[PDB]
Amino acid sequence: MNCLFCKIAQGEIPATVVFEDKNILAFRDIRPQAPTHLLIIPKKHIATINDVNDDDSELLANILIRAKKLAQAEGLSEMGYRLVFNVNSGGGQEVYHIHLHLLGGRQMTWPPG
Amino acid sequence: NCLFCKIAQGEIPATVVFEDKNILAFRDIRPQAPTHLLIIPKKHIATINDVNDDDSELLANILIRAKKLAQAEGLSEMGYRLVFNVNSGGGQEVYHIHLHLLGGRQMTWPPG
Ligand SMILES: [Cl-]
Ligand SMILES: [Cl-]
Ligand SMILES: [Cl-]
Ligand SMILES: [Cl-]
Ligand SMILES: [Zn+2]
Ligand SMILES: [Zn+2]
Numbered sequence: 001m002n003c004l005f006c007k008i009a010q011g012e013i014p015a016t017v018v019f020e021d022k023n024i025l026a027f028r029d030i031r032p033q034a035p036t037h038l039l040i041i042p043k044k045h046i047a048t049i050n051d052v053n054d055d056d057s058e059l060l061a062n063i064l065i066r067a068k069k070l071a072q073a074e075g076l077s078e079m080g081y082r083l084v085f086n087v088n089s090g091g092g093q094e095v096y097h098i099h100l101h102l103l104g105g106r107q108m109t110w111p112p113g
Numbered sequence: 002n003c004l005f006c007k008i009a010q011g012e013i014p015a016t017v018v019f020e021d022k023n024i025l026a027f028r029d030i031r032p033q034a035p036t037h038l039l040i041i042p043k044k045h046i047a048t049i050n051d052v053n054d055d056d057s058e059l060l061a062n063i064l065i066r067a068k069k070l071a072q073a074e075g076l077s078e079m080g081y082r083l084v085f086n087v088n089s090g091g092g093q094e095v096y097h098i099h100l101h102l103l104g105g106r107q108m109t110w111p112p113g
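Those sequence lines, one after another, are chains R and E.
If you read the first sequence in full-length UniProt numbering, its first letter stands for residue 1, the second for the next number, and so on.
If you read the second sequence in full-length UniProt numbering, its first letter stands for residue 2, the second for the next number, and so on.
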């Protein structure tokens, strides 16, 4: 209830949508941590990676595949980019709807937080 | 000439934590967190930029295996972070795809 990303996926909160298909939505993170910072989400509400079982694992892989296609469309792939899933508070997750971060447009450094 | 192919096939030793016909997971020798695992396909794919839709089964296997390794390591609730570096600007140095699993401390923002 009151999931921010479900609200975005339902058109109830403004966002810059860069990709949509029947299952997946991608949009800009409002607090970008790199010159381009995108989020790729399932439209289905799944709280954390720990809640992805075998029946949602193809969807999760397809989020990753869409992120790599989107990185090309957005001009990030030639220089390079980083993909991040955060899981729970110790992993940095704040919104409890799974999201893949796509960060690029500068050199990404090590460690990754 | 691929370091991770050699590890996958047993030609170079590693601290292996999981192996099946498709995947190998091992401890990073320069760990950036108390838990720092690398999960690789045995199949050689050079970079995430080369992924195709026929990789969905293997990529799902890698991601689910990461979830399961996080559980066995004690990180499911404490929290953890999964990272792919893609090409030089993403921090990739070895051109065989590898998923980083990091946890056992607070992971911070930005993620590098
Ligand atoms: Cl796209
Ligand atoms: Cl085996
Ligand atoms: Cl597989
Ligand atoms: Cl395991
Ligand atoms: Zn949601
Ligand atoms: Zn290889």
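Note that the Cβ used here is the ideal one computed from N, Cα and C, for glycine as well.
Residues of its chain near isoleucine 40 (chain R), where Cβ-Cβ distance is below 6 Å and the 5 sequence neighbours each way are ignored: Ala26, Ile63, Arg66, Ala67, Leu100
Environment of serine 89 (chain R) [buried if 16+ CB atoms lie within 10 Å]: exposed
Euclidean distance between Cα positions of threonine 109 (chain E) and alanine 71 (chain R): 23 Å
Euclidean distance between Cα positions of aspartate 55 (chain E) and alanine 47 (chain E): 15 Å
Runs of beta strand (DSSP E) wholly within the UniProt domain "HIT" (4–113) of chain R (minimum 3 residues, chain order): 17–20, 24–28, 36–42, 81–87, 100–104
Within 7 Å, strictly: CB atoms of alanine 9 (chain R) and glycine 105 (chain R): no
Alpha-carbon to alpha-carbon, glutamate 12 (chain R) and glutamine 107 (chain E): 32 Å
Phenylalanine 19 (chain R) Cβ short of 6 Å to ligand 1 heavy atom set: yes
Neighbourhood of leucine 60 (chain E) by C-beta distance below 8 Å, restricted to the same chain and skipping five residues each side: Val52
Per-residue burial, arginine 82 (chain R) [other beta carbons within 10 Å of its own, 16 or more giving buried]: buried
Check whether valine 87 (chain R) and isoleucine 49 (chain R) have beta carbons under 7 Å apart: yes
Distance cut-off 6 Å: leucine 59 (chain E) Cβ against heavy atoms of ligand 3: yes
Partner residues on chain E for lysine 68 (chain R), Cβ-Cβ distance less than 7 Å: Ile49, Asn50, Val52
Rounded straight-line distance, which links the Cα of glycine 91 (chain R) to that of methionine 79 (chain E): 8 Å
Residue-chain proximity (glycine 75 (chain R), chain E), Cβ-Cβ < 7 Å: no
Chain-ordered neighbours of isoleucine 65 (chain R) on chain E, where CB pairs are closer than 9 Å: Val52, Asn53, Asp54, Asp56, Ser57, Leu60
Cβ separation of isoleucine 24 (chain E) and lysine 7 (chain E), assumed to be a contact under 8 Å, to the nearest whole Å: About 16 Å; that fails the 8 Å criterion.
Any non-hydrogen atom of ligand 5 within 6 Å of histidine 97 (chain R) CB: yes
CB contact check: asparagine 88 (chain R) to chain E, cutoff 7 Å: yes
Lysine 22 (chain R) CB to nearest heavy atom of ligand 1 below 6 Å: no
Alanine 73 (chain R): CB within 6 Å of a non-hydrogen atom of ligand 1: yes
Any C-beta of chain R under 7 Å from that of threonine 36 (chain E): no
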